[PDB]
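Inspection log for the structure reproduced underneath, given as structure tokens.
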Amino acid sequence: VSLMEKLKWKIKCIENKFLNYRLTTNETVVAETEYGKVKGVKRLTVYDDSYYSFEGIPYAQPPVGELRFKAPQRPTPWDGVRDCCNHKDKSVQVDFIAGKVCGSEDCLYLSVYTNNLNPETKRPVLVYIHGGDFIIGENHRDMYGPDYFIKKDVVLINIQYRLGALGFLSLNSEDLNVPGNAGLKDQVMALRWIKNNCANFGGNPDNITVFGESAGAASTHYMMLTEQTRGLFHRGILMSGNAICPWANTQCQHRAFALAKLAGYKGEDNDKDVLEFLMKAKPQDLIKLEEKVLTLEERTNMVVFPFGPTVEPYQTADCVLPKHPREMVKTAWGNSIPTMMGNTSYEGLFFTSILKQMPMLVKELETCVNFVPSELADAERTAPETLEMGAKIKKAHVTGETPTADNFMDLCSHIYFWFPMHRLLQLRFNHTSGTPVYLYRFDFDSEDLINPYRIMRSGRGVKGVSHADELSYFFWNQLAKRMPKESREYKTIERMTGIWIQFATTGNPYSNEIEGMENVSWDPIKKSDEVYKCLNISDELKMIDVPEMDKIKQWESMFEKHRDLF
């Protein structure tokens with residue numbers, strides 16, 4: 001991020017602080033939780049809607065001291081009234097714009113928002129799990145403001161969970177009780193809190209929907225796979241990701257030693273001594289060094305992040321992932337709940353900045369061998385069969401004589417999003433009994449309403465609908481502005497939140513009450529379908545054949561002689 005954008009961001013942070021003061025009313029309210037009373041505050045939106053805001057509700061003990069790297073523990077109850085009129089810290093992380101470490105280990109909180117604490121009927125509860133590659137993100141309203149959803153009669157809940165090495169360290173030694181996935185166990189404990197407490201805020205514990213984007217979509221999917229959460233919620237929405245994406249898990253059991261060494265550890269590679277060192281380290285030091293953890297060999301093997309969701313090496317009471325997610329799909333409780341999945345129309349545009357800095361990346365399209373799924377490729381990526389598979393990827397995406405950056409970004413849309421979605425749909429059809437799944441495609445481009453991901457990706461003036469561009473139509477954020485009621489952006493807010501609320505309510509995303517949806521016939525995907533149909537959201541709402549289908553089929557063709565691995 002440029003120094004100039006960094007200055008613009010600082011200005012926006014200050015402006016947003018004072019706007020949030022002007023949107024705060026003097027009306028506070030007390031609600032009950034199983035652990036004690038909480039005080040929230042009535043806030044306005046720039047559209048003059050209003051909602052009650054409770055932030056900083058603990059769902060677990062602060063994971064500090066001996067609780068670092070452990071599964072979350074239930075919080076201690078309190079007498080009196082806990083002040084929930086302001087947000088808490090985010091999980092320790094490198095700030096996505098300033099580039100310095102921020103946050104706190106004391107981050108296991110959720111926020112609850114609703115326009116009416118005593119409604120006439122119990123309401124759909126929507127639970128948002130943020131993305132950020134399991135290393136950044138937060139539930140702060142400067143990025144995830146509830147202002148658009150609270151126009152309608154729902155309860156919206158935004159959770160935090162531990163990130164990075166503090167959320168995803170994993171050690172083989174059973175005696176140490178650090179099996180991995182602490183951050184996913186945080187999500188489990190938050191969902192249990194929601195089931196047990198949402199009624200105190202007007203919510204229906206029999207009608208909970210979990211949704212998330214990017215790593216939040218992978219997280220939502222993990223919450224639909226694990227036995228830990230069986231029956232806790234009733235619909236799921238996977239926005240640009242899922243748990244079988246190549247980036248969504250990793251075996252990181254040997255990386256604690258590498259992290260300790262970078263932090264000054266002088267001892268031998270045994271889990272007990274490594275853990276003792278990491279338990280004493282300052283959390284900022286571990287998080288700052290995480291970018292250096294992967295070895296030359298792991299980078300060569302195209303591991304993207306050192307710490308993240310992992311297959312746990314031994315069983316514990318709180319175990320989330322006892323097997324690879326592909327195997328977990330075969331017995332998953334969440335295969336039997338209504339599900340919606342989708343992507344944007346140019347996901348890979350997210351990588352524009354990386355390609356401008358490292359233009360030699362386009363040379364990987366010469367043979368495309370590095371994009372062949374690892375389960376199909378030989379170790380050296382030189383086998384004739386591997387070259388043939390790469391040639392199929394190349395034909396799918398290299399449209400002219402010379403490979404281009406746009407070809408590379410189109411490939412990225414498929415390797416990271418569309419192809420894993422296809423593989424999941426086809427795996428899941430084998431392990432479900434007719435429970436519907438619905439596809440959307442977000443295809444609405446505008447620079448009049450944006451979100452901070454555009455700044456992170458250096459995407460000013462860049463046309464096309466990148467990964468995460470849809471979040472501007474779901475959540476208020478500090479770069480947003482009030483839009484005219486007749487504007488294409490305003491209508492897109494109403495449509496996107498309206499469809500999500502309709503799906504959360506009924507398990508069917510169609511409603512004739514959504515403007516532009518009157519003539520939509522949105523069928524879920526059938527096992528016998530050869531071409532997927534999706535609702536394409538542009539300036540209009542239209543059912544279409546997925547434009548990406550032909551390229552999806554070309555990727556699938558690499559498995560013709562290895563169908564057991566598809």
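Every chain in the structure tokens takes a letter, A first, then B, and so on in the order presented; its residues are numbered from 1, and the ligands are numbered from 1 following the presented order.
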Write out as a ChimeraX atom specification each polymer residue whose atoms come within 10 Å of residue 467 in chain A, counting only C-alpha atoms; drop sequence neighbours fewer than 3 positions from it. /A:213-214,239-240,343-351,413,417,442,453-454,464,470-471
Enumerate, in order of chain and increasing residue number, the residues of range 108-214 of chain A with an atom no farther than 12 Å from range 492-506 of chain A, each with its shortest atom pair and distance in Å to one decimal, counting only C-alpha atoms, as JSON lines.
```
{"residue": "A:122", "atom": "CA", "partner": "A:505", "partner_atom": "CA", "distance": 11.0}
{"residue": "A:123", "atom": "CA", "partner": "A:505", "partner_atom": "CA", "distance": 8.3}
{"residue": "A:124", "atom": "CA", "partner": "A:505", "partner_atom": "CA", "distance": 5.7}
{"residue": "A:125", "atom": "CA", "partner": "A:504", "partner_atom": "CA", "distance": 7.7}
{"residue": "A:126", "atom": "CA", "partner": "A:504", "partner_atom": "CA", "distance": 7.0}
{"residue": "A:127", "atom": "CA", "partner": "A:504", "partner_atom": "CA", "distance": 10.1}
{"residue": "A:128", "atom": "CA", "partner": "A:500", "partner_atom": "CA", "distance": 11.5}
{"residue": "A:146", "atom": "CA", "partner": "A:497", "partner_atom": "CA", "distance": 10.6}
{"residue": "A:147", "atom": "CA", "partner": "A:493", "partner_atom": "CA", "distance": 10.7}
{"residue": "A:148", "atom": "CA", "partner": "A:497", "partner_atom": "CA", "distance": 7.2}
{"residue": "A:149", "atom": "CA", "partner": "A:497", "partner_atom": "CA", "distance": 6.1}
{"residue": "A:150", "atom": "CA", "partner": "A:497", "partner_atom": "CA", "distance": 9.7}
{"residue": "A:151", "atom": "CA", "partner": "A:494", "partner_atom": "CA", "distance": 9.2}
{"residue": "A:152", "atom": "CA", "partner": "A:501", "partner_atom": "CA", "distance": 8.2}
{"residue": "A:153", "atom": "CA", "partner": "A:501", "partner_atom": "CA", "distance": 9.0}
{"residue": "A:154", "atom": "CA", "partner": "A:501", "partner_atom": "CA", "distance": 7.6}
{"residue": "A:155", "atom": "CA", "partner": "A:501", "partner_atom": "CA", "distance": 10.2}
{"residue": "A:156", "atom": "CA", "partner": "A:501", "partner_atom": "CA", "distance": 10.3}
{"residue": "A:203", "atom": "CA", "partner": "A:505", "partner_atom": "CA", "distance": 11.6}
{"residue": "A:204", "atom": "CA", "partner": "A:505", "partner_atom": "CA", "distance": 10.3}
{"residue": "A:206", "atom": "CA", "partner": "A:505", "partner_atom": "CA", "distance": 10.6}
{"residue": "A:207", "atom": "CA", "partner": "A:505", "partner_atom": "CA", "distance": 7.2}
{"residue": "A:208", "atom": "CA", "partner": "A:504", "partner_atom": "CA", "distance": 7.3}
{"residue": "A:209", "atom": "CA", "partner": "A:504", "partner_atom": "CA", "distance": 5.5}
{"residue": "A:210", "atom": "CA", "partner": "A:504", "partner_atom": "CA", "distance": 8.7}
{"residue": "A:211", "atom": "CA", "partner": "A:500", "partner_atom": "CA", "distance": 9.2}
{"residue": "A:212", "atom": "CA", "partner": "A:500", "partner_atom": "CA", "distance": 11.5}
```
Given the selection you just returned, output its residues as a file containing C-alpha atoms, formatted as a PDB file, in the first residue's frame.
```
ATOM      1  CA  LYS A 122     -38.776 -14.686  17.002  1.00  0.00           C
ATOM      2  CA  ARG A 123     -36.346 -13.705  14.277  1.00  0.00           C
ATOM      3  CA  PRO A 124     -33.903 -15.375  11.912  1.00  0.00           C
ATOM      4  CA  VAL A 125     -30.400 -15.166  13.355  1.00  0.00           C
ATOM      5  CA  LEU A 126     -27.584 -14.535  10.861  1.00  0.00           C
ATOM      6  CA  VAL A 127     -24.040 -15.242  12.083  1.00  0.00           C
ATOM      7  CA  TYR A 128     -21.152 -13.771  10.074  1.00  0.00           C
ATOM      8  CA  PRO A 146     -24.688  -4.039  10.545  1.00  0.00           C
ATOM      9  CA  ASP A 147     -26.389  -0.925   9.180  1.00  0.00           C
ATOM     10  CA  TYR A 148     -27.846  -2.555   6.058  1.00  0.00           C
ATOM     11  CA  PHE A 149     -29.123  -5.807   7.571  1.00  0.00           C
ATOM     12  CA  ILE A 150     -30.865  -4.008  10.468  1.00  0.00           C
ATOM     13  CA  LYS A 151     -33.245  -2.401   7.982  1.00  0.00           C
ATOM     14  CA  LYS A 152     -35.016  -5.764   8.218  1.00  0.00           C
ATOM     15  CA  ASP A 153     -36.305  -7.845  11.151  1.00  0.00           C
ATOM     16  CA  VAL A 154     -33.330 -10.137  11.797  1.00  0.00           C
ATOM     17  CA  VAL A 155     -30.703 -10.547  14.501  1.00  0.00           C
ATOM     18  CA  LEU A 156     -27.163 -10.175  13.124  1.00  0.00           C
ATOM     19  CA  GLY A 203     -33.677 -14.399  17.933  1.00  0.00           C
ATOM     20  CA  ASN A 204     -35.023 -17.830  17.043  1.00  0.00           C
ATOM     21  CA  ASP A 206     -34.405 -22.922  15.735  1.00  0.00           C
ATOM     22  CA  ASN A 207     -33.526 -20.744  12.716  1.00  0.00           C
ATOM     23  CA  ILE A 208     -29.813 -19.839  12.678  1.00  0.00           C
ATOM     24  CA  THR A 209     -27.859 -19.181   9.456  1.00  0.00           C
ATOM     25  CA  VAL A 210     -24.052 -19.098   9.360  1.00  0.00           C
ATOM     26  CA  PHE A 211     -22.353 -17.219   6.509  1.00  0.00           C
ATOM     27  CA  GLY A 212     -18.884 -16.018   5.666  1.00  0.00           C
TER      28      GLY A 212
END
```
Could you pull out the alpha helix (DSSP H) residues of range 8-176 of chain A from DSSP and send them as a PyMOL selection string? chain A and resi 8-22+164-168
All residues 6 Å or closer to range 221-232 of chain A, only C-alpha atoms, same chain fewer than 4 positions away omitted, as an NGL selection string: :A and (242-243 or 320 or 332-334)
Any chance you could export the current selection's C-alpha atoms as a tab-separated table (two decimals), in the first residue's frame?
```tsv
chain	number	residue	atom	x	y	z
A	242	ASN	CA	-15.09	-23.73	1.15
A	243	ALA	CA	-13.18	-26.20	3.31
A	320	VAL	CA	-12.88	-30.16	15.18
A	332	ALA	CA	-21.16	-34.35	7.56
A	333	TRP	CA	-24.31	-33.23	9.40
A	334	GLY	CA	-24.39	-30.00	7.40
```
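Distances to residue 291 in chain A were evaluated for A:94, A:110, A:558, A:237 using only C-alpha atoms, and the minimum falls at A:94.
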With only C-alpha atoms counted and 12 Å as the cut-off, give the residues of range 266-328 of chain A in contact with range 65-78 of chain A, each with its shortest interatomic distance in Å and the pair that gives it, as a Markdown table.
```
| residue | atom | partner | partner_atom | distance |
| --- | --- | --- | --- | --- |
| A:275 | CA | A:69 | CA | 9.2 |
| A:276 | CA | A:66 | CA | 10.4 |
| A:278 | CA | A:68 | CA | 9.3 |
| A:279 | CA | A:68 | CA | 7.0 |
| A:280 | CA | A:65 | CA | 8.6 |
| A:281 | CA | A:65 | CA | 10.6 |
| A:282 | CA | A:65 | CA | 10.9 |
| A:283 | CA | A:68 | CA | 9.7 |
| A:316 | CA | A:71 | CA | 9.9 |
| A:317 | CA | A:71 | CA | 9.7 |
| A:318 | CA | A:71 | CA | 7.1 |
| A:319 | CA | A:71 | CA | 8.9 |
| A:320 | CA | A:71 | CA | 10.3 |
```
Restrict the selected residues to C-alpha atoms and save them as a compact mmCIF listing (two decimals), in the first residue's frame.
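Result written to again08.txt:
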```txt
# COMPACT_ATOMS: atom_id res chain seq x y z
CA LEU A 275 5.98 -25.18 23.52
CA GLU A 276 7.62 -23.96 26.73
CA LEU A 278 6.44 -20.21 22.76
CA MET A 279 4.36 -20.01 25.94
CA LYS A 280 6.77 -17.35 27.28
CA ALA A 281 7.09 -15.30 24.09
CA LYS A 282 5.37 -11.98 23.60
CA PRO A 283 2.43 -12.42 21.20
CA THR A 316 -9.46 -34.68 22.11
CA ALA A 317 -12.86 -33.77 23.55
CA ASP A 318 -12.98 -30.54 21.51
CA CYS A 319 -11.47 -31.94 18.26
CA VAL A 320 -12.88 -30.16 15.18
```
